[PDB]
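Accompanying notes for the structure given below.
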Amino acid sequence: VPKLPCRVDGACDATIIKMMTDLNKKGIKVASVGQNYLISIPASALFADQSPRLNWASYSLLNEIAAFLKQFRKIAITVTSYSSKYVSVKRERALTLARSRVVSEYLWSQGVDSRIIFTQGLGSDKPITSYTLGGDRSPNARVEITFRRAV
Amino acid sequence: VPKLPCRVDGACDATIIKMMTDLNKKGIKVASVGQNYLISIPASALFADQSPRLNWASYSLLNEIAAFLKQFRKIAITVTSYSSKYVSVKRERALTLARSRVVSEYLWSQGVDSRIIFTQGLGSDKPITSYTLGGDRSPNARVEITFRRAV
Amino acid sequence: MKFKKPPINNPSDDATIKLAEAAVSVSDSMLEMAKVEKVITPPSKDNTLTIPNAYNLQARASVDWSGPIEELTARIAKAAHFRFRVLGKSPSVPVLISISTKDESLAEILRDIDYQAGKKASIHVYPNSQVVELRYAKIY
Amino acid sequence: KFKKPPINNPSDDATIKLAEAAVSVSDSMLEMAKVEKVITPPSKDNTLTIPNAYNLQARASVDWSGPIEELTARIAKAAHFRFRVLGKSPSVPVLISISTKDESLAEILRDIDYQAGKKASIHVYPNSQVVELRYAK
Amino acid sequence: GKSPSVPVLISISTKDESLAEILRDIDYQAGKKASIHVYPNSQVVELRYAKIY
Amino acid sequence: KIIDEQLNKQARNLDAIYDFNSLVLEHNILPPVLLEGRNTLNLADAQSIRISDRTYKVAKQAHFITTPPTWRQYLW
Amino acid sequence: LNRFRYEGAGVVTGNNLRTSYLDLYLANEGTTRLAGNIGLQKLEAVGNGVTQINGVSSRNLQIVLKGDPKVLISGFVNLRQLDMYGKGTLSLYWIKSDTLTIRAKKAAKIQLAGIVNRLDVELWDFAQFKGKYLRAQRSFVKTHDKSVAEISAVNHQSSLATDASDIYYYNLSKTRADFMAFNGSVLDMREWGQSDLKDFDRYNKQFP
Amino acid sequence: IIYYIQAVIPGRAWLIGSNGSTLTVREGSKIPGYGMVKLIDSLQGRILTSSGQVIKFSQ
Amino acid sequence: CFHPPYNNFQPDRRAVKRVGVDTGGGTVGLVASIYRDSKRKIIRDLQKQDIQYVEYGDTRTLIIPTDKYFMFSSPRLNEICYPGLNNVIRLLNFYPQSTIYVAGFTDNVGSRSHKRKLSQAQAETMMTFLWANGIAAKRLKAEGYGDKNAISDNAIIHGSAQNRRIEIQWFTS
Amino acid sequence: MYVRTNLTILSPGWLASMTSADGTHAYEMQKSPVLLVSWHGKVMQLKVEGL
Amino acid sequence: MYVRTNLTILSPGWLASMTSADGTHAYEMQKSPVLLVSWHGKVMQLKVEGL
């Protein structure tokens, strides 16, 4: 105990709930139940209008969610992307796949310790709300990451 | 360590860089790239008009060049000479060969520790300037010496 | 006028230097022995024949792993929504494999897992039934 | 606003050389494994696949470590199939094991034949509801 | 030919000669150790050790 | 202490550049260790010169291995 | 048999015409049906009309359009350059040429397929280029606002899109380089169902 | 002697062989060394012969 | 306003905001801007950055470090060196008729085909990036050599670091 | 050293081993103050205090 | 004395000489505190302590 560690590195539950409260005030939704945790991010603060290109301001939020994922210990994280129907099925499926690919590559470049990261985007085949007035303004276009905390 | 040399004898990189600055501000071009080094000299400041003979004031500049060459450790030094088109091809070939031979002989007579001295001239086969208005005052008429620094 | 050479970075370490100069000779030896192996016996077929790709096999993954194989391919099958099958007897000696790769296709990940396994085990995939089976080596 | 580099960037030149050496030796080892690997063809591989009879669709739990004859007799009894033996048992009979909680009879028998290998095999007939255990001469 | 285990050592230090005479001096210094051939049509310079012992 | 933490800093690369398990044969046996020699010359005494071109030595005979080795047994 | 210029609301139909060169000019609804092996170097039509030609063996040709024509051409054309400014609709079946430069301003619908050693294409606005099955060793695509491009580059792919522009390739290039400025997009658009489809490799894996 | 695809359209195929033998080959036609030709696909570069093989692009 | 991603390949305009903050001496700001954007000052800034330039008569050569201006072990690009990239574009705007050659070079270790593939990929990415600013494609030609010739030796660690490079030659006629 | 666990022993090599019906493992070998295991595809070390 | 390098020993004479496939040379000889080699055509001396 003088030589054995007391806790894991960079651990403070007050900081955990602080950044959780600040993130939910920002607007990105953090879901916590049992051992499974999810994070849903709207595409408005992430990408441009139906394009797989990143604005320069998104990287602060990327560093913040990387800091949040640095806190816990996990094995496999999975990112799933969803969008709206625009022209085809193939177009938004490839768009969601590309967006999930690039955010997974950046997250793996970052030093969040996980063994497996699965990346996929289903296009628009699983809507959440029938309110489909907006396009990218509609909240069905989203990216959510899920994991289960192990021990 | 007290009986061992701290550095190579007769070496001061401050003197090296300040005399290289003096060389470039005198217009004698010194090229430093990687471990390899080039020195190009205009022939109008060195020789007579289409002649393999030396002005007496050039010996001070040649002494400065040899003094700079004292600062490095080398293996092989390559000497090439170049001219402008004057009468023939063979005439310029032999003039460049003679000028390079003379400057190689004087550089060997001065005590710079080199193992191999290669020397040749090319006349005006490979110009370095498309603007060929001048004769012996053209910048294509020149003398080049190349080497690579060994360790 | 200051004169610089464009490679300029953080300072290094001598042990790192010694490791790199050993490793370059090791890798050169591996390269020449691989050339010798290829020139001394020809390849015959490919494992893409026994394991072809299919739909929903392209949800990509970045993977670091340095352990056994069963829980890893179980995670793969659970991600792929596929039936998982174990065939043969698990050997007393555990088989440990290491994989470090970034954003590849799952069929290719399975193929290089098979290649790193070698004669110890093999992988078969039936996408019509969506079953991935791992067969051990019936040896000893 | 601010974009950060990844943490484990190979900033050192020696680190870069070590990393590309690791890349080269990993690729060389992969080539060695690819040129070494023996691949059976997936078409004419001698493995009895699923015969797909309606009796074979049941799911059960079986733990066993030993002979094969009473085991496949129990399997044929559960599937309500007749069973026949072709060949003779050797001096040392079959020594196999299988321990599972939820499995169907077709891949149970496929695993049985895989453990059997070469000295014995089985054949399933769902037209005339029978299973045959074949030895090797 | 292979390099023999006993090394072949040459000591030549002269000034401002042509390379053909340089190579002739080198082959004379070699004597019975090695020989030098040049085929300038194919632009190939080769040495050959002594097949001996 | 400094060289130990520097060694620990690059853990995955050591496993990348050293893998006994890829060279482990199918019956769980370490491959034997050899040594080479090119252009050997021995001068034992006068009137006697021994010259060889290539030579090879089996240093360690092959044997069983429970588990594959690591760099930690050799470099830590 | 050297020249044919038609104007003034007629239909010209012919077959089995062999030529080294003829100068063809079409205007004012020239309903042209040709079924001969014509070798020619220069052709011209204004627009707002249909033309169906079967069989062209041309060593060189150059077409400039101003109206809104509808042209289909069979044969083998060693083409050089194309500029489009109206509402053109063109289809060429085989083209075994080397270098192509295509400029598109207003509305083009071109159906091209064949072997091209080097190709460059500039799209300005409301311009479509369905160059699927058209294999290009070097491909250069520069697209401004509201542009549609469907390419089939095999080795070396270069693409730039400003805003609201869609570029879809259909072949895995050895070398790929893509850039978007405001809302451009470059996509892969494969099938995910090929039993022998190759994925990203070490050298071409440029993350968009 | 092998052949390869160079230009592909829905309906007609443009094929040049290994030695340079060109072929403006129809879907219903006879091909040397493979009998006739069964199927032509454009989204996937696969042509089925009557002898029972699929011929594709080169690599 | 400004975009760190290449200003969306838009023409940069620094002097307007420079004379705006100078008025907030507009002529003073203008002469300061033509002092700052000059060839000598931009060469001084590019030498403050880790970029080598050599002019020798008419042929001019530019040298880029792969390991600092590239994403590692990839044809992907480093992103933080965008001000150096903008300085490269601003300097190369001054030679609107020169023919361009570009080449890539690497070290000694690895498969020769692997080095050739990597160098060709890096050179093609540089070619496409230069073409992305609107330069005509016939003005340039790219080639990635392996370890055919290097300005340093590969036995030394620092020299082997020096071996890999990006070379940009351009003539005048 | 006799060790009862559910993990996979890496470093020193074991002399004899058994598995349970639960799959939990028993290893038997000589002594060493350090140990190595692969927990979930990740390597970890163990200290043997009291040796 | 046993000596491993990549250089060519000249002066003191050796008892046996061995070579690698990668420019490495090994010699065994009598003891001496001093050596003389040729590095790159230039002749140099070498001092060795601890004898």
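Letters are used for the chains, namely A, B, C, D, E, F, G, H, I, J and K, taken in the order the chains are written, and counting of residues starts over at 1 for each.
What we mean here is this: a contact is a pair of C-beta atoms (placed from the backbone, for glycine too) under 8 Å apart; a residue touches a chain by one contact, two chains touch by 3 or more.
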Contacts common to subunit B and subunit F (chain labels): C, E, K
Intersection of contact partners for subunit F and subunit K: E
Chain whose averaged C-alpha position falls nearest the assembly-wide average: C
Distance between the centres, which are taken as Cα means, of subunit J and subunit F, whole angstrom: 27
Interchain centroid distance [CA atoms averaged], subunit D/subunit H, Å: 40
Whole-Å gap between the CA centroids of subunit B and subunit C: 57
Computed distance of Cα centres, subunit G from subunit F, in Å: 62
Of all residues in subunit J, the ones touching two or more other chains: 10, 40-43
Contacts with 2+ other chains: residues of subunit I: 4, 52, 63, 67, 109-111, 157-158, 161-162
Shared-contact residues (touching 2 or more other chains) in subunit C: 1, 5, 7, 9, 12-13, 16-17, 20, 23-24, 26-27, 31, 58, 64-66, 96, 103, 116, 118-119
All touching chain pairs, where touch follows the definition stated at the start: A-C, A-D, A-G, A-I, A-J, B-C, B-E, B-I, B-K, C-D, C-F, C-G, C-I, C-J, D-F, D-I, E-F, E-K, F-J, F-K, G-H, G-I
Footprint of subunit G on subunit I - complex, ascending: 8-10, 74-76, 117-118, 120-121, 124-125, 127-129, 131-132, 137
Footprint of subunit B on subunit K - complex, ascending: 40-42
Footprint of subunit D on subunit A - complex, ascending: 56-57, 59-60, 63, 109-111
In the complex, subunit B residues that touch subunit E: 101, 104-105, 108, 119
Subunit C-facing residues of subunit G, complex: 192-197, 199-200, 205, 207
